[PDB]
Amino acid sequence: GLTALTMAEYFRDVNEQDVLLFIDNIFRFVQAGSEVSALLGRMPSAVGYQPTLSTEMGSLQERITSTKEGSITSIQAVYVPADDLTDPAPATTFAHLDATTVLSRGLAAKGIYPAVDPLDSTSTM
Amino acid sequence: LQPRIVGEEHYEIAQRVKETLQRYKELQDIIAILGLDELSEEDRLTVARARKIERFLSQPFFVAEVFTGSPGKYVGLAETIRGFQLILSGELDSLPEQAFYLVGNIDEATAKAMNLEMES
Amino acid sequence: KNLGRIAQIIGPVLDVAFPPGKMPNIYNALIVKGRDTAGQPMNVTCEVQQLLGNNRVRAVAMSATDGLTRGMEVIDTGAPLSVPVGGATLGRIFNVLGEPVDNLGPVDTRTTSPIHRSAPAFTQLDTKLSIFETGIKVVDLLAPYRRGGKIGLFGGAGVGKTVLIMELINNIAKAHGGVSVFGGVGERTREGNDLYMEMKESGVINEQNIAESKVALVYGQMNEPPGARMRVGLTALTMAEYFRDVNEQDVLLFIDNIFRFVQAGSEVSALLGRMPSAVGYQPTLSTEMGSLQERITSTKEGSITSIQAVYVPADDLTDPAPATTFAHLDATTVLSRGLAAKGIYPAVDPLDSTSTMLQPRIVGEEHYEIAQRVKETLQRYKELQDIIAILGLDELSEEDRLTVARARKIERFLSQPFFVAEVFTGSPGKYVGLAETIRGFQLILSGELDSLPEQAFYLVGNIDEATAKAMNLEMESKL
Amino acid sequence: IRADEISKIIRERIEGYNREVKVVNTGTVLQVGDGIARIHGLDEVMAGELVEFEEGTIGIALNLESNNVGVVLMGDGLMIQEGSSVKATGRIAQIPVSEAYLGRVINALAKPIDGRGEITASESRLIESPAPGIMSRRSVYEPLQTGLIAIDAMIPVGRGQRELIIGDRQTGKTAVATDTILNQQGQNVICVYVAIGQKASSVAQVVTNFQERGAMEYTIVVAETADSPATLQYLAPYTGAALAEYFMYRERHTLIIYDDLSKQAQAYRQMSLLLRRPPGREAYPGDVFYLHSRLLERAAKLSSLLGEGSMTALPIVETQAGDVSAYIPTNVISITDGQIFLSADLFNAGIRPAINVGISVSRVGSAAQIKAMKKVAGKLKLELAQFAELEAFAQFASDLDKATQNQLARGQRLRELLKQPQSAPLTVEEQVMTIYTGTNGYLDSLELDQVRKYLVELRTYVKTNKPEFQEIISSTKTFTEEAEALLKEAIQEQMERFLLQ
Amino acid sequence: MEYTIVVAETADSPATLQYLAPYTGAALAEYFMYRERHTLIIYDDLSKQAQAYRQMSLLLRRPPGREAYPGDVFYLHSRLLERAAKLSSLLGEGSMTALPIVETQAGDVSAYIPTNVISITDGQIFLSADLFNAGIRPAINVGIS
Amino acid sequence: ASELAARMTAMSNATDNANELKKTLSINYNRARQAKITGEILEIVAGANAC
Ligand SMILES: Nc1ncnc2c1ncn2[C@@H]1O[C@H](COP(=O)(O)OP(=O)(O)OP(=O)(O)O)[C@@H](O)[C@H]1O
Ligand SMILES: Nc1ncnc2c1ncn2[C@@H]1O[C@H](COP(=O)(O)OP(=O)(O)O)[C@@H](O)[C@H]1O
């Protein structure tokens, strides 16, 4: 994620053009941090994520932003474990994501595709 | 519980009992709040059959005779399959529920029913 | 004296390094000579929680730790926390350390007593289960207290919980020879100030003549570290316990509230690093609750009656903290927003409130039958609440019309003009013994005063004043 | 296999063991990683004292251990080397504070990030000062008009009251916060807005909004973005409180917005787990209640002698899946006075601001209300209680008695009353207008939708053509029979002309 | 009290003493039980002893489970209870009847300690809160007892 | 009138069945939430015991 972000950040910095930065999946980054945390020496936090979760997501998202020179448009997909938005990493991405859409297994299972749960999905626009 | 082992009749009656008990397990959520009155004709049919079935499954044991007081019955497969065939066919639909409770054979169930109609 | 240095500090948990011979015991308070940013000595106190060996204890701070330095001088006091007790503390705000914070003046009393103590012995209790008489009609008839037992307080804001507290203090002061105490375990400072000022205005604290007051307020705020908010309750307990062990006065011990003391102990155990119990409380929940709920008794000398507020988290009556608290409680009075919004004050619901003391072989068959008939009438009223509106009150049968009529009379007679709420209202305060109470309800419910207006029983002391007001209202209605 | 024993320190001690000598002048870096650093020496450093790593990385000595000082790094260290020499500083986390902070954006070091220029200050205030005491306060008196009809009537907030805003994702918490801040242009308060762990883009949006509105003339916007260290995210609200209490102690009134405290608690649990402190619920330490209690109780209405300054804390916590009995929610709910509860099911249903009127409480209450406001608010609360009871009878509005039918009608119009557009705050007099028009019974005629347009036209017509009402209420703050008659007249006039449309 | 011995350890007693007291009662009962005498012991409760054992087990950093109860929480109760017997005719026929008490929150019979005790004792006499609060005292629920 | 009395009896029984259902479900929910919180805290402290 940070690799592709540094490439796109160069594209926006000096080549000063709009960028599209699709990320998939972004939850696996926090997944890898959680896998590596306990073995590094950190004490496990809540349900199993690293203590350095909020600042990890910060070090990704706050690096990904639009500036005067270039504009990075980033359409990134957050996995939600067992469809629980209370899970810490989906809960944390929500604070950094301007326009959010939530897919509901009800809409997916009934046959309505795309399964965007409308009342839970909100934008800032 | 596979036909190659147990015979096609045994397998088929077992599948039908499992079917009807499943349907009653589904309708339990409705009947809890509503009652049996609000169900369809086939739904109420299946519910009555499932009541009779889940009571006919019961059998008094020889080692529980000290708690129940009733002499335990031994009933094997030749009478088990036949009795259940009858209950799920619905010939015994005229009988109440308490006739199948705590009996070994379908004949003892019917005799208890005749007693429940002797006691007017 | 015994001098030791600080080994390490992690928040309000400090470590103190004593020489090999001298070393304090468990729960021994420790003064730590420490400085302020202005250089000024600031004495931060602790209490030894564990003798972790290597001539080094692990004490839990009772104040702010920021600024304390590794190797500071800690003096061993050599005994558990000794608070100022006696009639000096009346009308004076205190801390967990017994050091007052009202800026009035220093407690010149010499008498101290250790915050830590064993419960009264088994050969010491007063075995007579007696109904602690209060003077309030609702809590006298329907939720009768026991003396030396514990009483939970269930009221959401705006029901007059504080006015009920002040009235209870006033009655235990005037009728009996009692003195009350208030222990604000985890009390938000703005409401602490509110309560202090309301007591100043309500005469519960004679601001002009201190030590003629009726209360000794112990405020341990939420601002204080988790170690202090726990031991606040024990401070209030020992200050009350003096008042009955030596002076044999009927003390009232208000603890507001028990759940926050429970969670403060949970925080202390969390900092200490002991493995948690179930859903998140400390492993010694039962024993910690016992250590505070078994000094509250009626010994041969006096009686501490504990009127403590209780809070149920996540609406659990089965959460460990409510479950353990209820295991100790003896009677619960429940205040409802309904009666507050309507105007039947106090806002006690005579059905949600219950007592284990309302057994016939404790209160008398006459009291029991009148309480039962009153409960039955009020319950039938709640059952008819929807029926009467649709049916019309006339279409009811004669028995149910009688029931709703007498139920309105009873529910209005439950109202009382308070001694401390007269400043707001203008109605003089009143005291109603159980004789007045049982006979008043016997008259109202036996069909004998069934010829009085509804308003003639509203905010009245007893049935005699009810008749007086009824004659007034009828003369006022004729012309 | 022990920490602090690096086989070079043992060498230095083998050289210089003769007797144990003070070593506070020096200090070395033993272990450094993920935002903390274990430090040797510093035997006289306080707790909370700034310790300054070589290369310029400030740290704070949080937990002093046996022979090592666990230090949180006030930045991303990643350059301090093992054995590098740290010096103590002596100060304890102070910020310079002046009136020139009014109108700027700063990070949690009280150091500007708007790029305008340096903030000249003379007096410093400690960040972790103690709160006003039990005998240095005053019972809450003065109404803080938030601009929302629903809040200013049913959940009255006062000056010196710690009213909590609680909700789910996107229920309008920051919306109500900015609504209040933008209402308080008129009266003389200083607004403080402390963002903890939010997007720099969101801080940019809110700051630009206050700029184009004019409310930047009295606000200080502390910002701590997500990439910032956990210690800075933790220290932000305390810098906000220090700035705010400086203005408080000079007889002025303040309002502060912790948005949110959940991220402050998350930074605290991160640091506490990182320097090996025992966890509790959700791996929070025991001290999260101590933290929140100190920070919240730092804000209260001062007494008469000290200047009658005050500081309303309007904190925000976000609740996940309506688990309002979780750890940090129950903590903040216990500490605070009031709770303004926001519900997403109302939010989707159109009722905006989406406050939950049956759950929301304020133990300050009508004490902090204007007399006109309380005169109308009593009737309003009774009407809303009635319609809340009758909510399960709206489908059966065909065969209810006409009385409960009309109660349903009144509550139905009253729901249309309380909705407000985004960040459009009302004045107390216009709100009294609206609640009076509602409670008296002047909207039964107009259908369920027009009510909003009717009421806005009503307020404008009154403003233009009966300018005695607002003057009466501004002078007396009491709803008097003269203004009552004047409002009845203006109401029926506007109703007639609007109906002729 | 001519027959009775009361072994009491109240609430604010060390959890180790609350854990010891049932076994003191058991030894007292067994002394008479073995010398051709009948005994009747009333534990009150076993759930309070289970809580005391949980406390003194989590104070020892012992791995808990199933609502934080230690591993030997069935071993506790079964050790304590299974020494109540109707002795053989060779050993004098002296018998120790035990009637332990267990408290349930919200009628949680399916809780860990109630189901553990149920799997030891020779029955259960389930009292009912609704029956007891309706006036039918004692509240023996003969449907499940 | 007979049909409306029948519907009134059906409601007077069904609302109380829904009462007992919500009560037993809230009790099951309390037990389940307690067990969940305990399991989460114990799995947290297991990692601390591992370190
Ligand atoms: N009273 C209101 N009327 C109309 N629209 C509103 C109102 N309040 C909020 N909104 C809309 O809802 C959206 C979310 O508002 P806001 O960002 O204040 O919620 P939030 O609680 O701060 O969200 P988060 O919890 O993610 O920070 C905004 O884009 C705004 O347009
Ligand atoms: N016993 C009472 N008699 C008359 N009024 C009361 C009484 N109790 C409460 N009130 C009303 O309630 C207010 C005080 O309630 P209070 O005890 O402060 O409850 P809370 O602290 O929960 O808000 C007063 O303004 C008073 O008018």
# chains A, B, ... in the order shown; residues from 1 in each chain; ligands from 1

call {"tool": "residues_around", "arguments": {"residues": "residue 318 in chain D", "least_positions_apart": "4", "cutoff": "8 Å", "atoms": "only C-alpha atoms", "output": "list in words"}}
result
residues 166, 167, 168, 169, 260 and 262 of chain D

call {"tool": "write_last_selection", "arguments": {"atoms": "N, CA and C atoms", "output": "PDB file, in the first residue's frame"}}
result
ATOM      1  N   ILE D 166     -23.367  12.517  22.008  1.00  0.00           N
ATOM      2  CA  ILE D 166     -23.098  11.102  21.780  1.00  0.00           C
ATOM      3  C   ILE D 166     -23.941  10.653  20.598  1.00  0.00           C
ATOM      4  N   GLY D 167     -23.368   9.840  19.732  1.00  0.00           N
ATOM      5  CA  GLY D 167     -24.082   9.346  18.569  1.00  0.00           C
ATOM      6  C   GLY D 167     -23.359   8.234  17.859  1.00  0.00           C
ATOM      7  N   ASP D 168     -23.884   7.859  16.701  1.00  0.00           N
ATOM      8  CA  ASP D 168     -23.270   6.880  15.825  1.00  0.00           C
ATOM      9  C   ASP D 168     -22.543   7.639  14.723  1.00  0.00           C
ATOM     10  N   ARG D 169     -21.982   6.896  13.775  1.00  0.00           N
ATOM     11  CA  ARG D 169     -21.369   7.506  12.605  1.00  0.00           C
ATOM     12  C   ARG D 169     -22.381   8.349  11.837  1.00  0.00           C
ATOM     13  N   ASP D 260     -13.057  13.996  18.768  1.00  0.00           N
ATOM     14  CA  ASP D 260     -13.845  13.468  19.879  1.00  0.00           C
ATOM     15  C   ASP D 260     -12.939  13.136  21.058  1.00  0.00           C
ATOM     16  N   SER D 262     -13.113   9.843  22.043  1.00  0.00           N
ATOM     17  CA  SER D 262     -12.856   8.435  21.760  1.00  0.00           C
ATOM     18  C   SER D 262     -11.456   8.243  21.197  1.00  0.00           C
TER      19      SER D 262
END

call {"tool": "residues_around", "arguments": {"residues": "residue 138 in chain E", "least_positions_apart": "6", "cutoff": "9 Å", "atoms": "only C-alpha atoms", "output": "number ranges by chain"}}
result
E: 127-128, 131-132

call {"tool": "write_last_selection", "arguments": {"atoms": "C-alpha atoms", "output": "short mmCIF file (atom, residue, chain, number, x, y, z; two decimals), in the first residue's frame"}}
result
data_model
loop_
_atom_site.label_atom_id
_atom_site.label_comp_id
_atom_site.auth_asym_id
_atom_site.auth_seq_id
_atom_site.Cartn_x
_atom_site.Cartn_y
_atom_site.Cartn_z
CA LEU E 127 -37.54 -22.40 44.22
CA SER E 128 -39.31 -19.84 42.07
CA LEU E 131 -44.16 -18.19 42.99
CA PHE E 132 -42.50 -16.73 46.08
#

call {"tool": "residues_around", "arguments": {"residues": "residue 57 in chain B", "least_positions_apart": "2", "cutoff": "10 Å", "atoms": "only C-alpha atoms", "output": "mmCIF file with C-alpha atoms, in the first residue's frame"}}
result
data_model
loop_
_atom_site.group_PDB
_atom_site.id
_atom_site.type_symbol
_atom_site.label_atom_id
_atom_site.label_comp_id
_atom_site.auth_asym_id
_atom_site.auth_seq_id
_atom_site.Cartn_x
_atom_site.Cartn_y
_atom_site.Cartn_z
ATOM 1 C CA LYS B 52 -48.621 -36.374 17.713
ATOM 2 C CA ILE B 53 -45.176 -37.306 16.353
ATOM 3 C CA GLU B 54 -43.092 -35.663 19.075
ATOM 4 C CA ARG B 55 -45.292 -37.302 21.676
ATOM 5 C CA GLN B 59 -41.360 -44.197 25.441
ATOM 6 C CA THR B 80 -41.574 -48.466 15.158
ATOM 7 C CA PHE B 84 -44.799 -43.894 12.400
ATOM 8 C CA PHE B 100 -49.243 -41.309 22.057
ATOM 9 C CA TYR B 101 -47.521 -39.938 25.161
ATOM 10 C CA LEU B 102 -45.593 -42.577 27.145
ATOM 11 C CA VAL B 103 -46.438 -45.721 25.165
ATOM 12 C CA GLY B 104 -44.325 -48.277 23.332
#

call {"tool": "residues_around", "arguments": {"residues": "residue 27 in chain F", "least_positions_apart": "5", "cutoff": "12 Å", "atoms": "only C-alpha atoms", "output": "PDB file with N, CA, C and O atoms, in the first residue's frame"}}
result
ATOM      1  N   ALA C 314     -25.891  -1.313  31.878  1.00  0.00           N
ATOM      2  CA  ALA C 314     -26.438  -2.117  30.789  1.00  0.00           C
ATOM      3  C   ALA C 314     -27.763  -2.750  31.192  1.00  0.00           C
ATOM      4  O   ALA C 314     -28.087  -3.853  30.741  1.00  0.00           O
ATOM      5  N   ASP C 315     -28.525  -2.060  32.042  1.00  0.00           N
ATOM      6  CA  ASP C 315     -29.810  -2.483  32.593  1.00  0.00           C
ATOM      7  C   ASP C 315     -29.747  -3.866  33.231  1.00  0.00           C
ATOM      8  O   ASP C 315     -30.775  -4.546  33.311  1.00  0.00           O
ATOM      9  N   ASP C 316     -28.578  -4.308  33.681  1.00  0.00           N
ATOM     10  CA  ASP C 316     -28.429  -5.613  34.316  1.00  0.00           C
ATOM     11  C   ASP C 316     -28.754  -5.521  35.795  1.00  0.00           C
ATOM     12  O   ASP C 316     -28.181  -4.712  36.525  1.00  0.00           O
ATOM     13  N   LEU C 317     -29.676  -6.367  36.241  1.00  0.00           N
ATOM     14  CA  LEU C 317     -29.698  -6.742  37.644  1.00  0.00           C
ATOM     15  C   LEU C 317     -28.804  -7.945  37.897  1.00  0.00           C
ATOM     16  O   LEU C 317     -28.662  -8.371  39.047  1.00  0.00           O
ATOM     17  N   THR C 318     -28.200  -8.501  36.844  1.00  0.00           N
ATOM     18  CA  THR C 318     -27.359  -9.678  37.002  1.00  0.00           C
ATOM     19  C   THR C 318     -25.891  -9.393  36.716  1.00  0.00           C
ATOM     20  O   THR C 318     -25.071 -10.317  36.772  1.00  0.00           O
ATOM     21  N   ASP C 319     -25.544  -8.153  36.396  1.00  0.00           N
ATOM     22  CA  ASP C 319     -24.142  -7.777  36.328  1.00  0.00           C
ATOM     23  C   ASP C 319     -23.544  -7.970  37.717  1.00  0.00           C
ATOM     24  O   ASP C 319     -24.231  -7.719  38.710  1.00  0.00           O
TER      25      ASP C 319
ATOM     26  N   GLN E 105     -29.026 -16.051  39.152  1.00  0.00           N
ATOM     27  CA  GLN E 105     -29.414 -14.726  38.689  1.00  0.00           C
ATOM     28  C   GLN E 105     -30.279 -14.868  37.444  1.00  0.00           C
ATOM     29  O   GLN E 105     -29.868 -15.505  36.470  1.00  0.00           O
ATOM     30  N   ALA E 106     -31.480 -14.281  37.494  1.00  0.00           N
ATOM     31  CA  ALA E 106     -32.466 -14.350  36.411  1.00  0.00           C
ATOM     32  C   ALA E 106     -32.853 -15.792  36.082  1.00  0.00           C
ATOM     33  O   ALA E 106     -33.213 -16.103  34.944  1.00  0.00           O
ATOM     34  N   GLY E 107     -32.791 -16.674  37.078  1.00  0.00           N
ATOM     35  CA  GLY E 107     -33.138 -18.071  36.895  1.00  0.00           C
ATOM     36  C   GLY E 107     -32.223 -18.803  35.936  1.00  0.00           C
ATOM     37  O   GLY E 107     -32.672 -19.665  35.174  1.00  0.00           O
ATOM     38  N   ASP E 108     -30.932 -18.468  35.963  1.00  0.00           N
ATOM     39  CA  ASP E 108     -29.954 -19.054  35.045  1.00  0.00           C
ATOM     40  C   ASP E 108     -29.477 -20.400  35.593  1.00  0.00           C
ATOM     41  O   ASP E 108     -28.382 -20.542  36.141  1.00  0.00           O
TER      42      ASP E 108
ATOM     43  N   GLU F  20     -43.660 -11.856  27.429  1.00  0.00           N
ATOM     44  CA  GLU F  20     -42.807 -12.910  27.972  1.00  0.00           C
ATOM     45  C   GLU F  20     -41.657 -13.230  27.021  1.00  0.00           C
ATOM     46  O   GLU F  20     -40.546 -13.560  27.462  1.00  0.00           O
ATOM     47  N   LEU F  21     -41.883 -13.076  25.711  1.00  0.00           N
ATOM     48  CA  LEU F  21     -40.809 -13.316  24.759  1.00  0.00           C
ATOM     49  C   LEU F  21     -39.710 -12.272  24.888  1.00  0.00           C
ATOM     50  O   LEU F  21     -38.525 -12.619  24.914  1.00  0.00           O
ATOM     51  N   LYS F  22     -40.073 -10.986  24.957  1.00  0.00           N
ATOM     52  CA  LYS F  22     -39.047  -9.960  25.090  1.00  0.00           C
ATOM     53  C   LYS F  22     -38.310 -10.097  26.412  1.00  0.00           C
ATOM     54  O   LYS F  22     -37.108  -9.825  26.485  1.00  0.00           O
ATOM     55  N   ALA F  32     -25.586 -13.521  27.247  1.00  0.00           N
ATOM     56  CA  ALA F  32     -24.698 -13.615  26.095  1.00  0.00           C
ATOM     57  C   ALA F  32     -23.718 -12.452  26.056  1.00  0.00           C
ATOM     58  O   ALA F  32     -22.537 -12.637  25.746  1.00  0.00           O
ATOM     59  N   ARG F  33     -24.187 -11.246  26.376  1.00  0.00           N
ATOM     60  CA  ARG F  33     -23.312 -10.078  26.371  1.00  0.00           C
ATOM     61  C   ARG F  33     -22.265 -10.179  27.465  1.00  0.00           C
ATOM     62  O   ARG F  33     -21.093  -9.843  27.253  1.00  0.00           O
ATOM     63  N   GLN F  34     -22.676 -10.633  28.654  1.00  0.00           N
ATOM     64  CA  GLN F  34     -21.717 -10.860  29.727  1.00  0.00           C
ATOM     65  C   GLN F  34     -20.641 -11.845  29.299  1.00  0.00           C
ATOM     66  O   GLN F  34     -19.443 -11.590  29.486  1.00  0.00           O
TER      67      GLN F  34
END

call {"tool": "residues_near_ligand", "arguments": {"ligand": "ligand 2", "cutoff": "10 Å", "atoms": "only C-alpha atoms and all ligand atoms", "output": "PDB file with C-alpha atoms, in the first residue's frame"}}
result
ATOM      1  CA  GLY C 155     -34.086   7.192  41.155  1.00  0.00           C
ATOM      2  CA  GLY C 156     -33.346   8.838  37.835  1.00  0.00           C
ATOM      3  CA  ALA C 157     -32.731  12.593  37.950  1.00  0.00           C
ATOM      4  CA  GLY C 158     -35.553  15.030  38.660  1.00  0.00           C
ATOM      5  CA  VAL C 159     -37.493  12.773  41.049  1.00  0.00           C
ATOM      6  CA  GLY C 160     -36.286  14.592  44.155  1.00  0.00           C
ATOM      7  CA  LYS C 161     -33.587  12.152  45.244  1.00  0.00           C
ATOM      8  CA  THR C 162     -31.620  14.943  46.921  1.00  0.00           C
ATOM      9  CA  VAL C 163     -34.729  16.429  48.544  1.00  0.00           C
ATOM     10  CA  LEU C 164     -35.520  12.950  49.842  1.00  0.00           C
ATOM     11  CA  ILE C 165     -31.989  12.725  51.254  1.00  0.00           C
ATOM     12  CA  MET C 166     -32.267  16.095  52.991  1.00  0.00           C
ATOM     13  CA  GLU C 167     -35.682  15.180  54.403  1.00  0.00           C
ATOM     14  CA  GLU C 191     -23.181  18.698  41.919  1.00  0.00           C
ATOM     15  CA  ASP C 194     -24.908  22.170  44.478  1.00  0.00           C
ATOM     16  CA  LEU C 195     -25.553  19.790  47.373  1.00  0.00           C
ATOM     17  CA  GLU C 198     -28.655  23.311  49.098  1.00  0.00           C
ATOM     18  CA  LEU C 335     -38.496   6.792  42.473  1.00  0.00           C
ATOM     19  CA  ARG C 337     -40.451  10.148  36.714  1.00  0.00           C
ATOM     20  CA  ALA C 340     -42.480  13.702  39.589  1.00  0.00           C
ATOM     21  CA  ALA C 341     -44.044  14.899  36.334  1.00  0.00           C
ATOM     22  CA  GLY C 343     -46.917  16.204  41.248  1.00  0.00           C
ATOM     23  CA  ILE C 344     -47.204  13.436  43.857  1.00  0.00           C
ATOM     24  CA  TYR C 345     -44.060  14.195  45.825  1.00  0.00           C
ATOM     25  CA  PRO C 346     -42.017  12.259  46.825  1.00  0.00           C
ATOM     26  CA  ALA C 347     -41.946  10.390  43.531  1.00  0.00           C
ATOM     27  CA  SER C 415     -48.104  12.949  48.907  1.00  0.00           C
ATOM     28  CA  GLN C 416     -46.325  14.679  51.767  1.00  0.00           C
ATOM     29  CA  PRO C 417     -45.263  18.269  52.501  1.00  0.00           C
ATOM     30  CA  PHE C 418     -41.540  18.103  53.177  1.00  0.00           C
ATOM     31  CA  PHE C 419     -39.587  19.835  55.916  1.00  0.00           C
ATOM     32  CA  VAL C 420     -36.832  20.831  53.489  1.00  0.00           C
ATOM     33  CA  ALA C 421     -38.914  21.531  50.369  1.00  0.00           C
ATOM     34  CA  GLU C 422     -40.942  24.206  52.153  1.00  0.00           C
ATOM     35  CA  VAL C 423     -38.388  26.802  51.023  1.00  0.00           C
ATOM     36  CA  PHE C 424     -39.456  26.103  47.442  1.00  0.00           C
ATOM     37  CA  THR C 425     -43.126  25.199  47.879  1.00  0.00           C
ATOM     38  CA  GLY C 426     -44.451  27.114  50.888  1.00  0.00           C
ATOM     39  CA  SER C 427     -46.167  24.180  52.569  1.00  0.00           C
ATOM     40  CA  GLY C 429     -43.062  20.295  56.724  1.00  0.00           C
ATOM     41  CA  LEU C 459     -49.873  17.092  50.291  1.00  0.00           C
TER      42      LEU C 459
ATOM     43  CA  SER D 362     -29.508  17.391  31.308  1.00  0.00           C
ATOM     44  CA  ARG D 363     -29.186  17.533  35.079  1.00  0.00           C
ATOM     45  CA  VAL D 364     -28.767  21.292  34.879  1.00  0.00           C
ATOM     46  CA  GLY D 365     -32.264  21.546  33.452  1.00  0.00           C
ATOM     47  CA  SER D 366     -34.555  24.558  33.282  1.00  0.00           C
ATOM     48  CA  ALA D 367     -32.247  26.472  35.642  1.00  0.00           C
TER      49      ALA D 367
END

call {"tool": "residues_near_ligand", "arguments": {"ligand": "ligand 1", "cutoff": "6 Å", "atoms": "only C-alpha atoms and all ligand atoms", "output": "PyMOL selection string"}}
result
(chain A and resi 95+124) or (chain D and resi 169-175+352-353+420-422)

call {"tool": "write_last_selection", "arguments": {"atoms": "C-alpha atoms", "output": "PDB file, in the first residue's frame"}}
result
ATOM      1  CA  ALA A  95     -13.133   8.512  10.038  1.00  0.00           C
ATOM      2  CA  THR A 124     -20.273  14.289   2.647  1.00  0.00           C
TER       3      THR A 124
ATOM      4  CA  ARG D 169     -21.369   7.506  12.605  1.00  0.00           C
ATOM      5  CA  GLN D 170     -22.729  10.521  10.710  1.00  0.00           C
ATOM      6  CA  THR D 171     -25.658  11.419  12.970  1.00  0.00           C
ATOM      7  CA  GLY D 172     -24.630  15.082  13.065  1.00  0.00           C
ATOM      8  CA  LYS D 173     -22.413  15.438  16.139  1.00  0.00           C
ATOM      9  CA  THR D 174     -19.981  17.867  14.513  1.00  0.00           C
ATOM     10  CA  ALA D 175     -23.056  19.395  12.867  1.00  0.00           C
ATOM     11  CA  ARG D 352     -32.677  16.634  11.611  1.00  0.00           C
ATOM     12  CA  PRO D 353     -30.930  17.362  13.989  1.00  0.00           C
ATOM     13  CA  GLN D 420     -33.711  22.642  11.135  1.00  0.00           C
ATOM     14  CA  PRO D 421     -31.477  23.159   8.083  1.00  0.00           C
ATOM     15  CA  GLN D 422     -27.765  22.484   8.233  1.00  0.00           C
TER      16      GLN D 422
END

call {"tool": "select_by_dssp", "arguments": {"residues": "range 99-167 of chain C", "states": "helix (DSSP H, G or I)", "output": "number ranges by chain"}}
result
C: 137-141, 161-167

call {"tool": "select_by_dssp", "arguments": {"residues": "range 174-357 of chain D", "states": "strand (DSSP E or B)", "output": "short mmCIF file (atom, residue, chain, number, x, y, z; two decimals) with C-alpha atoms, in the first residue's frame"}}
result
data_model
loop_
_atom_site.label_atom_id
_atom_site.label_comp_id
_atom_site.auth_asym_id
_atom_site.auth_seq_id
_atom_site.Cartn_x
_atom_site.Cartn_y
_atom_site.Cartn_z
CA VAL D 189 -17.93 33.74 24.34
CA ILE D 190 -14.69 32.23 23.08
CA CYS D 191 -15.16 29.01 21.14
CA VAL D 192 -12.57 26.22 21.21
CA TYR D 193 -12.65 23.25 18.84
CA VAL D 194 -10.22 20.41 19.52
CA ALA D 195 -10.03 17.82 16.75
CA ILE D 196 -8.38 14.53 17.73
CA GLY D 197 -7.44 12.11 14.96
CA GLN D 198 -9.55 13.64 12.20
CA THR D 219 -12.25 30.73 17.95
CA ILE D 220 -9.05 28.73 18.38
CA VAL D 221 -9.05 25.51 16.35
CA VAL D 222 -6.63 22.93 17.75
CA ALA D 223 -5.96 20.20 15.19
CA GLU D 224 -4.29 16.80 15.54
CA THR D 225 -4.49 14.72 12.38
CA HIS D 253 -16.93 32.89 28.92
CA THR D 254 -15.66 29.95 26.90
CA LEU D 255 -16.98 26.94 25.01
CA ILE D 256 -14.78 23.98 24.07
CA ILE D 257 -15.52 21.10 21.68
CA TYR D 258 -13.68 17.82 22.21
CA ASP D 259 -14.27 16.11 18.86
CA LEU D 302 -16.37 29.82 38.60
CA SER D 310 -17.03 29.66 33.01
CA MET D 311 -16.17 26.99 30.46
CA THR D 312 -18.78 24.73 28.88
CA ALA D 313 -17.32 21.41 27.79
CA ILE D 316 -18.29 14.21 21.66
CA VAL D 317 -18.09 10.44 21.81
CA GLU D 318 -19.07 8.21 18.89
CA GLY D 338 -26.06 15.87 30.30
CA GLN D 339 -26.20 13.63 27.23
CA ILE D 340 -27.55 14.69 23.84
CA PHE D 341 -28.25 11.35 22.18
CA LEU D 342 -28.31 11.23 18.37
CA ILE D 355 -31.46 14.01 18.61
#
